[PDB]
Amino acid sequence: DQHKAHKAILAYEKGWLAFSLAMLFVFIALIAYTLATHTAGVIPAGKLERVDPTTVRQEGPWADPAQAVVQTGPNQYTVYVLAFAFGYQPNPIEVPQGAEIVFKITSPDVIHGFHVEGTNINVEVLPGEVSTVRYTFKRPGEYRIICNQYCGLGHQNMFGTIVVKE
């Protein structure tokens, strides 16, 4: 009792740390599950795709809004998205429902975010580098793109639209 107190209490320390490690690993488990499913598609790609942000809206696939969506499989689209000081090229992004969409996004100025309301598309856009995520919209409608990385005073106004065709 004040030293018996000790002997107990330090055994609990052991049981709480055991339980804790257990629960923690179950979490590691259920993350693991997600990386194996389709949902893992939102994770940005490893490979360093270098581009030159000063040249990007002149030459390459980010130079022409008309050419942003480019069929890349029987059920696949690559979208070249430009995130810039203070909206999105193209606008809207029209994509068919059911299809794998491969967003390839970059910026000509400062870092942006490209986050799509109601999806787990949530990525940082860095000048000089291509952010590559994939997604399949399971139902049609308009999806608002919010820019969630501070980039200057137009920040609170940077929104885009994705139209996913019926």
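Residue numbers here begin at 1 and follow the sequence given.
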Stretch with the higher entry mean CA B-factor, where the candidates are 18 to 26 and 5 to 13: 5 to 13
55 to 63 or 104 to 112, whichever carries the higher mean Cα B-factor: 55 to 63
statement: Sorting the chain's modelled residues by C-alpha B-factor and splitting them into thirds places residue 98 in the middle
field: Third of the chain, ranked by Cα B-factor, where residue 31 sits
entry: middle
- prompt: Which third of the chain does residue 140 land in by C-alpha B-factor: lowest, middle or highest?
  reply: highest
Third of chain Cα B-factors occupied by residue 40: middle
message: Quick check on the deposited entry: does the C-alpha B-factor of residue 48 sit in the lowest, middle or highest third of its chain?
response: highest
